[PDB]
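Same order as they appear, the protein sequences are chains F and X. Per PDB author numbering, residue 1 is the first one in the first sequence, and the count goes up by one each step. Per PDB author numbering, residue 312 is the first one in the second sequence, and the count goes up by one each step. Here's the structure we're looking at; comments come further down.
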Amino acid sequence: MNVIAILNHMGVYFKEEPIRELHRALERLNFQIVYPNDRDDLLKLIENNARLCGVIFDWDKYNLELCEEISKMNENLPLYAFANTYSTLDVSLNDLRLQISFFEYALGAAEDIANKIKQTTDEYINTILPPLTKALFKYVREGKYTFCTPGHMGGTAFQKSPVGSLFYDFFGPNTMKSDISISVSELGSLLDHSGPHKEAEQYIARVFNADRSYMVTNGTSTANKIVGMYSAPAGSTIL
Amino acid sequence: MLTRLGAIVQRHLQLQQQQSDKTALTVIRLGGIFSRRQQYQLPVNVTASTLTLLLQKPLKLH
Ligand SMILES: *Cc1c(COP(=O)(O)O)cnc(C)c1O
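Okay, here's the thing in structure tokens:
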């Protein structure tokens with residue numbers, strides 16, 4: 001997730017110069033810059049390319065041909081539209097879920113713009129991800145607890161054996177550090193169904209339209225055995 | 312005697328609701344795994360079917 005799109009060319013210099021200054025600033029924080037052509041070019045960079053999170057275009061050029069098609073594909077997609085002096089909204093842009101970030105064409109302030117895009121991208125990551133997955137990714141970069149289960153502890157025992165180094169280098173450092181048991185307090189326990197696990201079950205039930213969806217950690221073949229033992233006492237009749 | 316016994320029960324319950332602050336009503340907790348916080352009455356303490364419940368501050372219902 002590091003693709004930034006810069007659509008259209010106004011032909012002037014006071015609008016393309018901030019684009020050139022921002023081109024050298026976004027590359028310092030690992031971001032891919034793409035230059036689409038017409039309106040149909042940007043539409044192909046969203047359906048086929050899912051790793052995009054930045055759309056830069058002129059607000060006083062396509063204020064209705066882009067705010068309608070993008071809204072039909074993604075709701076929380078950041079729109080880094082650049083407005084001008086005589087700029088305003090439209091009456092047909094009230095019932096659309098969009099994230100428009102306005103800026104200016106000021107020289108020298110390209111460094112401050114790059115910090116705002118990185119912080120806005122971080123807000124997009126912390127929003128579309130559920131609180132259970134978001135807490136798991138944050139626990140790897142900060143949570144470093146000792147004397148816990150399992151015994152590998154993020155791949156520590158594999159770094160002391162020649163045969164263990166081949167198995168650790170296949171997956172990755174973030175893979176072994178994400179395998180944690182119930183020995184963590186800020187993530188809760190699955191058997192207790194509290195904390196992050198409580199809001200995770202209520203989130204799936206709202207998406208799939210249910211009351212309280214569950215998460216079986218053994219497969220479908222096991223879920224049919226737990227439900228079957230409910231409405232079937234020792235001596236009944238099932239259909 | 313039925314219309315006279317009701318006045319005795321009404322007078323008896325009038326003095327019991329005045330001192331209701333001493334004995335409240337504690338409901339047991341059992342919210343395990345369910346879509347709603349279920350509750351349950353008292354076990355051996357109450358066994359009647361049509362029991363009555365008192366209240367502190369009276370309200371204007373109906
Ligand atoms: C494939 C299948 C299963 C097994 O699914 P798993 O998640 O792999 O256990 C169980 N029930 C039905 C009807 C299936 O088609």
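Positions of the beta carbon are idealized from the N, C-alpha and C atoms, including for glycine.
(request) Please list, in chain order, all residues with a C-beta atom less than 5 Å from at least one heavy atom of ligand 1. (result) F:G219, F:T220, F:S221
(message) In whole angstroms, give me the CA-to-CA distance for F:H23 and F:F171.
(response) In the first sequence, residue 23 of chain F corresponds to position 23, counting from 1. In the first sequence, residue 171 of chain F corresponds to position 171, counting from 1. One C-alpha to the other measures close to 34 Å.
(request) Compare the beta carbon distance of F:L66 and F:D90 with 8 Å and say whether it is the shorter of the two. (result) What you label residue 66 of chain F is simply residue 66 of the first sequence in a count that begins at 1. What you label residue 90 of chain F is simply residue 90 of the first sequence in a count that begins at 1. For F:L66 and F:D90, no; Cβs fall outside 8 Å.
(message) Beta-carbon within less than 6 Å of F:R51's beta-carbon, same chain only, minus the 5 sequence neighbours each way: which residues are those?
(response) Position 51 of the first sequence, counted from the first residue, corresponds to residue 51 of chain F. Here the set comprises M1, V3.
(message) Taking the beta carbon of F:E123 as the centre, do at least 16 other beta carbons fall within 10 Å, making it buried, or is it exposed?
(response) If you number the first sequence from 1, residue 123 of chain F lands on position 123. The residue in question, F:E123, is exposed, as its Cβ has fewer than 16 Cβ neighbours within 10 Å.
(message) DSSP three-state label for F:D211, please.
(response) Taking the first sequence and counting its residues from 1, the one referred to as residue 211 of chain F is at position 211. Residue state, collapsed to three classes: coil.
(message) Are the CB atoms of F:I128 and F:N76 within a distance shorter than 8 Å?
(response) The residue you call residue 76 of chain F lines up with position 76 of the first sequence. The residue you call residue 128 of chain F lines up with position 128 of the first sequence. Yes; because the gap between Cβ atoms is below 8 Å, this pair is in contact.
(request) Can you tell me which of the three DSSP states X:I339 falls into? (result) For the purposes of this step, residue 339 of chain X is taken as residue 28 along the second sequence, with counting starting at 1. X:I339: strand per DSSP, three-state reduction.
(message) So, does the stretch 131-143 of chain F touch the stretch 99-107 of chain F, judging by three or more C-beta pairs under 8 Å?
(response) no
(request) Could you pull out every residue in the same chain whose Cβ sits closer than 7 Å to the Cβ of X:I339, ignoring the five residues on either side in sequence? (result) Along the second sequence, one-based indexing puts residue 339 of chain X at 28. Counting only Cβ-Cβ distances below 7 Å, and skipping sequence neighbours, we find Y351.
(request) Would you mind working out which of F:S213, F:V227, F:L132 sits nearest F:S185, comparing C-alpha positions? (result) Residue mapping note: residue 185 of chain F aligns to position 185 of the first sequence, counting from 1. Nearest of F:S213, F:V227, F:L132 to F:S185, Cα basis: F:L132.
(message) Determine whether the beta carbon atoms of F:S87 and F:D60 lie at a separation below 8 Å.
(response) Taking the first sequence and counting its residues from 1, one reaches residue 87 of chain F at position 87. Taking the first sequence and counting its residues from 1, one reaches residue 60 of chain F at position 60. Against a cut-off of 8 Å, the Cβ pair of F:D60 and F:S87 comes out as a contact.
(request) Have a look at F:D169, F:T120, F:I180, F:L239 and flag the residue whose alpha-carbon is nearest the alpha-carbon of F:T149. (result) One-based indexing of the first sequence puts residue 149 of chain F at position 149. Comparing Cα-Cα distances from F:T149 to each of F:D169, F:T120, F:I180, F:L239, the minimum goes to F:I180.
(request) Tell me whether F:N8 is buried or exposed, calling it buried when 16 or more other Cβ atoms sit within 10 Å of its Cβ. (result) Within the first sequence, residue 8 of chain F is the residue found at index 8, counting from 1. Buried, by the Cβ-count rule.
(message) Considering just the uninterrupted stretch of the alpha helix (DSSP H) at F:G219, what are its terminal residues?
(response) Sequence index remark: in the first sequence, residue 219 of chain F carries index 219 (1-based). It is not in any alpha helix (DSSP H) - F:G219 carries neither H nor E in the DSSP assignment.
(request) Report the rounded CA-to-CA distance for X:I344 versus F:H193, giving the unit in angstroms. (result) On the second sequence, residue 344 of chain X is found 33 positions in, with the first residue counted as 1. On the first sequence, residue 193 of chain F is found 193 positions in, with the first residue counted as 1. Looking at the two C-alpha atoms, the distance is approximately 8 Å.
(request) Hey, could you find the ends of the alpha helix (DSSP H) F:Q159 is sitting in? (result) The residue you call residue 159 of chain F lines up with position 159 of the first sequence. Counting along the chain, F:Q159 falls outside any alpha helix (DSSP H), and DSSP gives it neither H nor E.
(message) I'd like the span of the alpha helix (DSSP H) that includes X:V320, first residue to last.
(response) One-based indexing of the second sequence puts residue 320 of chain X at position 9. 313-327 is the span of the alpha helix (DSSP H), which, as asked, contains X:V320.
(request) For F:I226, count neighbouring Cβ atoms within 10 angstroms of its own Cβ and tell me buried if that reaches 16, exposed if not. (result) Reading the first sequence from its first residue, position 226 is the one you call residue 226 of chain F. When all chains shown are included, F:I226 counts as exposed.
(message) Which residue wins for smallest C-alpha separation from X:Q330, given the options X:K371, X:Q367, X:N356?
(response) Locating residue 330 of chain X in the second sequence gives position 19, where the first residue counts as 1. Checking every option, the nearest Cα to that of X:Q330 belongs to X:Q367.
(message) Which runs of the alpha helix (DSSP H) at least 4 residues long sit entirely within the stretch 116-188 of chain F? Give them in chain order.
(response) 131-141, 162-168, 173-176
(request) Can you check DSSP and say which residues form a bridge with F:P78? (result) Here residue 78 of chain F corresponds to residue number 78 of the first sequence, with the count starting at 1. In DSSP, F:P78 forms a bridge with F:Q99.
(message) Bridge partners for X:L372 per DSSP, in chain order?
(response) Numbered from 1 along the second sequence, position 61 holds the residue referred to as residue 372 of chain X. Partner(s): none; X:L372 has no beta bridge.
(request) Tell me, to the nearest whole angstrom, how far the beta carbon of F:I6 is from that of F:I33; I am working on the premise that it is less than 8 Å. (result) As a first step, residue 6 of chain F must be located in the first sequence, where it is residue number 6. As a first step, residue 33 of chain F must be located in the first sequence, where it is residue number 33. With a Cβ gap of about 7 Å, F:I6 and F:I33 count as contacting.
(message) Nearest by alpha-carbon distance to X:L365: which of X:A359, X:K371, X:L324 is it?
(response) Mapped onto the second sequence, residue 365 of chain X falls at position 54. Checked all of X:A359, X:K371, X:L324; the closest Cα to X:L365 is X:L324.
(message) Spatial neighbours of F:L43 within its chain, please: C-beta separation below 7 Å, excluding the five flanking residues on both sides.
(response) Sequence index remark: in the first sequence, residue 43 of chain F carries index 43 (1-based). Cβ within range, chain order: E69.
(message) Could you tell me the alpha carbon to alpha carbon distance between F:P162 and F:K118, rounded to whole angstroms?
(response) Within the first sequence, numbered from 1, the residue matching residue 162 of chain F stands at position 162. Within the first sequence, numbered from 1, the residue matching residue 118 of chain F stands at position 118. So the two alpha carbons sit approximately 40 Å from each other.
(request) Find out if the Cβ-Cβ distance for the pair F:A110, F:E21 is shorter than 8 Å. (result) As a first step, residue 110 of chain F must be located in the first sequence, where it is residue number 110. As a first step, residue 21 of chain F must be located in the first sequence, where it is residue number 21. The answer is yes: Cβ separation under 8 Å.
(message) Given this structure, state the Cα-to-Cα distance separating F:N209 from F:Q202, to the nearest angstrom.
(response) Here residue 209 of chain F is taken as the residue at index 209 of the first sequence, counted from 1. Here residue 202 of chain F is taken as the residue at index 202 of the first sequence, counted from 1. Rounded to whole angstroms, F:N209 to F:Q202 spans 10 Å at the Cα level.
(message) With DSSP as the reference, identify every bridge partner of F:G54, one or two as the case may be.
(response) Position 54 of the first sequence holds residue 54 of chain F. Answer by DSSP bridge pairing, in chain order: F:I4.
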